[PDB]
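The block underneath contains the structure these notes are about, expressed in structure tokens.
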Amino acid sequence: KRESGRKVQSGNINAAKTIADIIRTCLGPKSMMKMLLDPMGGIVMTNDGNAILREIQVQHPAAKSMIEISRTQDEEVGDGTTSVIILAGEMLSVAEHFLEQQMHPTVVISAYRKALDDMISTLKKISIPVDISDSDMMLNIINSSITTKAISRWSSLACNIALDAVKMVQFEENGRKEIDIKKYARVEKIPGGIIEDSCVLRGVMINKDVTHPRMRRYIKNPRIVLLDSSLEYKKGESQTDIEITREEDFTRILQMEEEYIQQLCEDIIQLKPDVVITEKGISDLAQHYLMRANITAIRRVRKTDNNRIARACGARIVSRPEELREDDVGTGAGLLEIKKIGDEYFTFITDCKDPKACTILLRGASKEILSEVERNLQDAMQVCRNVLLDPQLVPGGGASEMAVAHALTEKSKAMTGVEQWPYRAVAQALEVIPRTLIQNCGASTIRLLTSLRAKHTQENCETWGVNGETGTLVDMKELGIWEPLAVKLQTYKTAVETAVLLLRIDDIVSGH
Amino acid sequence: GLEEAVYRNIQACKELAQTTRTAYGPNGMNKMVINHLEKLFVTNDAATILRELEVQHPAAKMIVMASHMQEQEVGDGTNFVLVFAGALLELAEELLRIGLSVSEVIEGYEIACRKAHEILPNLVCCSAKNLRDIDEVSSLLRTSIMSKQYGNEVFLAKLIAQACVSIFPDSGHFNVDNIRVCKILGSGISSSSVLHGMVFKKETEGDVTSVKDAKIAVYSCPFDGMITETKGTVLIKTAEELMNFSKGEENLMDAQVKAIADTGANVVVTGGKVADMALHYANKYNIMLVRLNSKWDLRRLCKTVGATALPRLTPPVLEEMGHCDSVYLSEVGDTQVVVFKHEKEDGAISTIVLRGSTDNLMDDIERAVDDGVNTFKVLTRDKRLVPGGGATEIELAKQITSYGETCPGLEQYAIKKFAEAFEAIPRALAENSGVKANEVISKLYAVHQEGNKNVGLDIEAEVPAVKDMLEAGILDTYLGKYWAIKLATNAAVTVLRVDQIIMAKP
Amino acid sequence: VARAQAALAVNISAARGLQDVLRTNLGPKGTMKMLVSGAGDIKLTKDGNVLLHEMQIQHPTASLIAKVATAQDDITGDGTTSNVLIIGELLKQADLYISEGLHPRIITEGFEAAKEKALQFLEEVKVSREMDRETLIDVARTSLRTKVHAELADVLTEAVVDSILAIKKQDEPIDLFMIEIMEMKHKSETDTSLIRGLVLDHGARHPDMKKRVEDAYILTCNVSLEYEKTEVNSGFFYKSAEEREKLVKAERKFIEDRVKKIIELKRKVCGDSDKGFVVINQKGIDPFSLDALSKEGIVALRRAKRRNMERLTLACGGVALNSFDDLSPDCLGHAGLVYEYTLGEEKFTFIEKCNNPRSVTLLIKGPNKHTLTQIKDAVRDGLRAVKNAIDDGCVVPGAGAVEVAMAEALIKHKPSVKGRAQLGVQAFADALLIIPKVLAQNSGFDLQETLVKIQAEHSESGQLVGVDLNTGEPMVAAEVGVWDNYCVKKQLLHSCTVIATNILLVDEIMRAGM
Ligand SMILES: Nc1ncnc2c1ncn2[C@@H]1O[C@H](COP(=O)(O)OP(=O)(O)OP(=O)(O)O)[C@@H](O)[C@H]1O
Ligand SMILES: Nc1ncnc2c1ncn2[C@@H]1O[C@H](COP(=O)(O)OP(=O)(O)OP(=O)(O)O)[C@@H](O)[C@H]1O
Ligand SMILES: Nc1ncnc2c1ncn2[C@@H]1O[C@H](COP(=O)(O)OP(=O)(O)OP(=O)(O)O)[C@@H](O)[C@H]1O
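Taken in sequence, the protein lines are chains G, Q and Z. The first sequence lines up with residues 15 to 526 when you count with the deposited numbering. The second sequence lines up with residues 24 to 529 when you count with the deposited numbering. The third sequence lines up with residues 13 to 526 when you count with the deposited numbering.
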């Protein structure tokens, strides 16, 4: 029915601790697999933390809030979603300061938000600048995700795909250096060929096939036209329907259908175009007057894909087909081509410049190989985006966690007041990331973590990390286990933003 | 939820052996079986037992599927498979309790099976002399009709003898399909006889007693009111309009029987009922009309002369008619029957008519006649005869134990148990005759030790002794004993090879 | 509940449970299993692929191992139930060290170290013998004797050896689609043999037909000579039953003009004596058209298949024809003995002694229904084993000689990743010895008696030792002719390391909701 008091403060803790205990052992290169039982008897053995919680239904309101905050975090950056839910479950796991000390959560939130300012200040002190102009330094960053994959045979060519895609989308003139892979870098899959055939072209590709040979095959000066209106029968302002059942109604409708389309098609062929692009659909009779002028028919394109075509050639978006003019020209484009690739037709409006848009063309021997590269390249594109957003790396593999937790201990000696006791609990809760790395390797956890803290005290805090392969401690300056800064900045920010949301809930009530 | 997991595959076949062990022999007991259409039936044939008893265990279904292969290439000894191979799996359980592996019994059974196929030609005493006489044929058939219908073999051994001699000049064509059985209700088995050609129990409904026409057409539709293949809206209002349809029905049927007279066909077979006015039109144009309500009686005629059954109401089709030499009527046993005789042809069709007062009794004679034809259907091959009554079952068990004793190694255990499975068949014959089975086996081995061969069981309730099978006229088929030993050993090695059964979804 | 290591203890019991079931059907001395469909279908097999794919298990963990053997037959075609017996002992021997406090990731790191050393050991024991008739008999004998009750073990070897040897020439790759498998009833199980030509399901049904044609010209046809529709602009109109008799003669006249055209093409091209003519028309043939062709000596066949027509193109050489109006002699072929094989019920046309058919039909005969499906799954496993022997010229000794030799090579081997990977090569050496262990139980001998004798046999030379199925003595696999494939043993060690990893790499099981 309803629940209030201190029970929902402990009820939201065990709801987030249960989600964190599921995917706690799935961290690092030695991530353990998880077995999901379906009602139909199916079993998937995926060890990906985003794939486990997606196929698991939850009923708690706090546990439902735990999944969606990492799902939105997966859409922002393509790496670090498992470390968010682990850190959000460890910060709430020390319930001795929440219930036994009878402390209000406002003291904890004032201690948690004050510890959030020490997260950004410590990571900028252990950071290191990146020479992004050298292509050898960019290869040592993306290689952490290309290992144990089928794309690893072509790592020298697959790295050129993601690096050339992020640089074309990023605009240095705007200052803020925006990269959006979903719009300006729309990836499409083409069957046939091999992995070496996949390259990057500077344009937009249309997956509509060719149904008639009366089209433009090779045009050096493509005259493009964009239109928003439909090419069909004229409908009124009412919501009436079109039903053709009588022979008297079949003649009167088709005579009005032919006379309006021929009046529409006369306005576009007077400019002598090469390819027509309409927003809505194109009827079968509309192609009959269009094939006499040998124009390539392209239909069913979204409004978001329409502006990428207008920025590729420089055309004008015209609302109505009766209002065409001479300014709707595509002068400056490279070549128009309808050449088949593996018995599929594709339209090319590519150019020899950077018209603020691009696409990725994938090829492969089978359709399962097409799905393998697109899930590896999109994971690789978001990691290399964070490097070009800010050229700064952090020592990963638990080295940044012990460097941050060492700075919080010396800061807590000068932090007076009641809030110093939950302030020291965040330093021990940030140690769970190198704790599960030793437990997944199989060595003694407390024997290695105690010597890990002794190396972070006397020696330099930027070195002496954990290697998740052999099970011992190595120096992070020797191996390429470097993490991006913007990934680790949003990881500690979201883990605090989750802990500020679940601890502030003090009542769960119903109502529609 | 698991006790032995190898014993339950054998116990399901031991229940299949018990339903025919007490039903073995001329002194075997009958079985009150219930048909699936809720009909009471009394029989003792081993093939009719498995047809009605829907056995469900798939481990015992291998011996039933071996019985369907036992019915092929030989028509003798279906009860021999369910007794001997049942004794194989029962005696194999005494070896597995000691510690012997199941793969050791398998190779030991196939060794003694090939050894038993060499001793069986040594026991062939007599053979058929190919004289085509009724004295030579009925002397060997008296043993096969025994264990089916005991006491009435003196009338059955002479009737099937007169049928198979008429086919034996047709060399290489003798089969069980040439001798058909048609049951007629009557007094008893003493009034039964044998006729040539195709004989049906129903007489000619027409008034023609003899016709020499060759064209025979069969129509499965009854003689009734004609319905057009189109819609045909026929409406009547007054009594004069009803008489125009009544007289018009007889006038159209007058042209329907005239189309049979136009093609030169004077023999018509009707599956359904015949109207009285249509029966008058058949006798006007001298057409023989025979009513056959049975579908198996109609399907028999299509496979002999080629006359097919057409669903239309008398269509004049010259292509789908049959050909016969002489169709006439004969009065045999106070009942007129129709004979499809072959006068111009040499003839290879014979029909044994059986008489009786009970349909449950006459069906057991039909299984005894078809097993009598199948005894000589085997003897179209190489003629070799073996002594019956358990005479060959002791001598084969005497030589295999003598062979398995001299052979050293671990394989001597499965060879010794292959001989004792042959001892259950005289144990089945002694138990069903009310005699102590332990005394007859000792009396059989004492006379076979001195070399007195061809000694089997004396069929008598008061006499527990034995007698000679050569002087008694008891003789079995060597090919009937050849395929029975081979198929039962191949069936009993299949059950021992399968260890566990797992159900699977399609 | 139970958020602990209990998710591993339930998965190894499904592995131990699937090991104890499938251990009774390895080798020729093993037993068989029955597959009941619930409706009455009975099937007996020893193949572990059909024992896991067709057989349904209730346990969810054991359903994953059923998906392992489906991936085994796609690359090799052998060793599916031997895949289960290794991974059953691999997770059994892992439990001796996990209960002592060792992490399963450490044993996984030792299993990949034992996989690279055992794969390097397979390159030294392989024998690059020249592929001839005699060495392919021993390869076919190790594969076909495990699906046969030892009465067809001698007859079925020469049927599969001579079939693949007739299609292995000019260094061409072996294609299994060139081999046609046909089944016929009313015969014994030992009556199977090889057929040079093809087997058609329906033959000529006419009393005036020739029973055997020694030489003939085969015309490929695909035209329906039955009652067809109009090819000219007309319609089906009739006023009564007499108008239908005029219409059926005006419609069938489009058929018999083509039938007499085949006789005009027969008399033109080789119309003299010592000739022949067979029609291989796939579609239906008019029964009135069968009387018109059989009077001049033409055997007409009807009711064929689509795949059989393509094999008739390679056998005779005639191009597939679609219309009789443009009949031409380049669509004609040639064959040798064209006769009919008579059964108890049906008849089958046999077209052997072809010029260059490039297709061999295997004729498998059986008395029962389940007997036909057992040999059909045996000939597909036997032909794929010899195909692995021709394409991969190196072979390995059989009778478990590789697994005992790999147990000694893995003992004298130190790990180079850590010290705790010493149990990874220890448990991999003990789990590979389950194949001489399970071959003692199926043969009826003691398990530990022949294991000592197979391990004490060592010498200062190259010598392989295996188990004996008859006496239980040490037996050299090269001296008796027991050989396996190098490709099967390479995929055996590769697939066993992957599947035993994934069962060892789970810690929690959750109920999904799609
Ligand atoms: N050999 C190694 N030893 C120890 N740590 C390693 C090793 N290799 C990589 N790592 C670290 O492990 C981290 C990956 O941890 P984890 O699997 O929990 O996150 P993730 O699943 O990669 O995150 P996301 O879900 O965002 O991709 C990497 O950031 C890397 O720094
Ligand atoms: N009166 C008898 N004298 C001697 N032996 C007999 C006698 N009756 C039966 N037998 C023995 O019984 C065995 C065959 O008996 P039986 O007639 O019961 O088989 P069957 O009923 O013909 O088989 P099926 O069920 O196939 O018809 C033979 O071995 C035969 O020696
Ligand atoms: N005559 C023989 N004597 C001893 N061992 C043999 C003999 N023939 C085969 N083997 C052994 O049996 C093993 C194969 O067993 P089996 O044929 O029962 O399974 P399989 O059919 O190979 O399994 P899968 O169908 O999974 O490939 C081989 O490794 C071989 O060493």
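For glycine and all other residues, C-beta sits at the position ideal for the given N, C-alpha and C.
Asked	Found
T508 of chain G CB to nearest heavy atom of ligand 1 below 7 Å	no
Beta bridge counterpart(s) of residue 531 of chain Z as assigned by DSSP	Missing from the structure shown is residue 531 of chain Z; chain Z here goes from 13 to 526 and no further.
Distance CB(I176 of chain Z)-CB(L395 of chain Z) smaller than 8 Å	yes
8 Å Cβ cutoff met for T403 of chain Q and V409 of chain Q	no
Expected contact under 8 Å - CB spacing of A413 of chain Z and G478 of chain Z to nearest Å	4 Å
Every unbroken beta strand (DSSP E) inside the region 266 to 343 of chain Q [3 residues or more]	290 to 293, 311 to 314
C-beta neighbour in chain Q for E66 of chain Z, strict 8 Å	yes
Any chain Z beta carbon closer than 8 Å to residue 536 of chain Q	Any question about residue 536 of chain Q goes unanswered here, given that chain Q covers just 24 to 529.
Contact test: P486 of chain Z Cβ vs ligand 3 heavy atom, cutoff 7 Å	no
Cα-Cα separation between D269 of chain Z and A312 of chain Z, rounded to whole angstroms	17 Å
Chain G contacts from the region 72 to 86 of chain Z (Cβ-Cβ distance under 7 Å)	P72, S75, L76
Where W496 of chain G sits in the DSSP three-state scheme	strand
Rounded separation between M47 of chain G and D288 of chain G - CA only	55 Å
CB contact below 8 Å: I99 of chain Z versus chain G	no
Residue nearest to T57 of chain Z in terms of C-alpha spacing, selected from Z:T88, Z:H161, Z:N514	Z:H161
DSSP three-state assignment for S215 of chain Q, whether helix, strand or coil	coil
Check whether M46 of chain Z and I70 of chain G have beta carbons under 8 Å apart	no
Min CB distance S25 of chain Z to chain Q below 8 Å	no
Neighbourhood of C205 of chain Q by C-beta distance below 7 Å, restricted to the same chain and skipping five residues each side	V222, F223, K224, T374, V376
C-beta contact flag for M194 of chain Z and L375 of chain Z at 8 Å	yes
Same chain, Cβ closer than 8 Å to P81 of chain Q, five either side skipped, listed in chain order	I524
Under the three-state DSSP convention, the category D178 of chain G falls into	helix
The region 229 to 247 of chain Q / the region 277 to 295 of chain Q touching (three or more Cβ pairs under 8 Å)	yes
Integer Cβ distance of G109 of chain Q from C36 of chain Q, believed to fall under 8 Å	6 Å
Every unbroken alpha helix (DSSP H) within the region 125 to 210 of chain G, with a cutoff of 4 residues, ordered by chain	149 to 160, 169 to 183, 195 to 198
Test: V492 of chain Z CB closer than 8 Å to a CB of chain Q	no
Proximity below 8 Å, CB of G378 of chain Z to CB of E201 of chain Z	yes
Rounded distance between the beta-carbons of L315 of chain Q and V292 of chain Q, thought under 8 Å	6 Å
Cβ pair count under 8 Å reaching 3, the region 109 to 116 of chain G against the region 71 to 83 of chain G	no
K171 of chain Q Cβ short of 7 Å to ligand 2 heavy atom set	yes
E497 of chain G Cβ short of 7 Å to ligand 1 heavy atom set	yes
Same chain, Cβ closer than 7 Å to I57 of chain G, five either side skipped, listed in chain order	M49, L50, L51
Meets three-Cβ-pair contact criterion under 8 Å: the region 154 to 171 of chain Z and the region 344 to 353 of chain Z	no
Chain G residues whose Cβ lies nearer than 7 Å to that of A524 of chain Z	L50, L51, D52, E69, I70
Chain-ordered residues of the region 468 to 487 of chain G with a beta carbon less than 8 Å from chain Z	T484, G485
Endpoints, the alpha helix (DSSP H) within which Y426 of chain Q is located	414 to 429
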